[PDB]
Amino acid sequence: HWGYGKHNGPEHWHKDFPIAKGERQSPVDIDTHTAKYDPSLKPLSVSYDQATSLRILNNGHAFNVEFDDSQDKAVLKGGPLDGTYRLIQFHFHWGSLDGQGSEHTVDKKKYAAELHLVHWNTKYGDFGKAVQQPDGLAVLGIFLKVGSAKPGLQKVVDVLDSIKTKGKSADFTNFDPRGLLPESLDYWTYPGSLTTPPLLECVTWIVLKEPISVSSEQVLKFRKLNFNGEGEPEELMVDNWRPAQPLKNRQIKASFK
Ligand SMILES: Cc1ccc(NC(=O)NCCS(=O)(=O)Nc2ccc(S(N)(=O)=O)cc2)cc1
Ligand SMILES: [Zn+2]
């Protein structure tokens, strides 16, 4: 079915998911000289103290760390958001080379990877309802650049051997996601979509200005994962990012001046 290969990659997705050519597709290039500071934006409220991570899963396109979202335990609020959005999972998109891997770009700059912390609006009751709503999701996007190690990522890195191939999952409790955050919560925001099929146009994107640094050894271990399942031909899980899509009739706002 869909993937990131040369026969099933982003340029093919529109054939099964025609919304791929839609009006609010993600990711996009963030042109920092065209984004407008919006003083009516509120500070982001990242309330992750009570987060309950449960499991880490290789789903064949990326790996997801999943949380308990049956209560308000880890919630994103404020910024451009009305209401409360519960963290359901985070995952990353990364490259085969350090010069590529992010989905969003900043003045056409590609980062080595991009973290997506995926939240859903509690007014819709469950994640499956929320993805059918234009304000259903809030995804917090954080760029990764290669440099110093990120200590709070290392427990993620060290479990990846146990979920090498598609369909493998591992217990992953007591993981603390604020350890993946940069110092600053300055952000850009725009309305967009899931960046993988089904590409639903249900996401308020919140992309942090400040990237985090991860070590070369950390991102190398992302690149040892496999898209395939066990017993299938090995294909390294690299370059699992969708390129920038047309901005069309959207404005990206900045929370900072
Ligand atoms: C306890 C628990 C908690 C979570 C779960 N997982 C989910 O529901 N995960 C995935 C949501 S998804 O629709 O299927 N796809 C999707 C999401 C984000 C994006 S992106 N790339 O835009 O951010 C792209 C695609 C399972 C158990
Ligand atoms: Zn993503």
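Note that the numbering runs from 1 along the sequence shown for the chain. Just follow the structure's listing: the first ligand is 1, and inside any ligand the first atom is 1. Keep in mind that the numbers below use all heavy atoms, side chains included, and drop hydrogens, waters and symmetry copies.
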Subject >> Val75-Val118 co-clustered via ILVMFWY side chain contacts under 4.5 Å >> reply: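 No: no chain of side-chain contacts under 4.5 Å links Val75 to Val118.
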Between [Y] and [X], does any NZ, NE, NH1 or NH2 come within less than 4.0 Å of an OD or OE carboxylate oxygen?
X      : Y      : value
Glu103 : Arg242 : no
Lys36  : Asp38  : no
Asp186 : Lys209 : yes
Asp98  : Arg223 : yes

Could you find the nearest protein heavy atom to [atom] and give me its residue, atom name and distance?
atom                    : answer
atom 1 (C) of ligand 1  : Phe67 O, 2.9 Å
atom 4 (C) of ligand 1  : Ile88 CG1, 2.9 Å
atom 14 (O) of ligand 1 : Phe127 CE2, 4.5 Å

Original post:
So is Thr195 polar-close to ligand 1, meaning N/O to N/O under 3.5 Å?
Top reply: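 Such a contact does occur with ligand 1.
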**OP:** Give, rounded to 10 degrees, the angle between NE2 (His91) and NE2 (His93) as seen from the Zn ion (ligand 2).
**Re:**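 Value, to the nearest 10 degrees: 110°.
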Original post:
Of the non-hydrogen atoms in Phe227 and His61, which two are nearest, and what is the gap between them?
Top reply: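 Closest pair (atom of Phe227, atom of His61, distance): CE2-O, 3.9 Å.
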Original post:
Of all N/O/S atoms in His116, which lies nearest to the Zn ion (ligand 2)?
Top reply: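 Restricting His116 to its N, O and S atoms, the minimum distance to the Zn ion (ligand 2) goes to ND1.
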Original post:
Under a 4.0 Å heavy-atom limit, does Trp241 contact ligand 1 with its side chain, its backbone, both, or neither?
Top reply: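 Looking at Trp241 and ligand 1, no heavy atom falls under 4.0 Å.
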**OP:** Examine the proximity of ligand 1 to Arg55 and report which part, side chain or backbone, both or neither, has a heavy atom under 4.0 Å away.
**Re:**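 Answer for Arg55: neither.
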Subject >> Within-shell test, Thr196 vs ligand 1, heavy atom, strictly < 4.0 Å >> reply: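 Contact present.
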**OP:** Please verify whether a non-hydrogen atom of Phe90 lies at under 4.0 Å from ligand 1.
**Re:**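 No, that is not the case, since the closest heavy atom of the residue is not under 4.0 Å from the ligand.
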Original post:
For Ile19 and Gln25, what are the C-alpha separation, side-chain angles and deciding distance, and is it a side-chain contact (heavy atoms from CB on, under 4.5 Å)?
Top reply: CA-CA 8 Å; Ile19 195 165; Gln25 289 289 301; 3.8 Å; yes
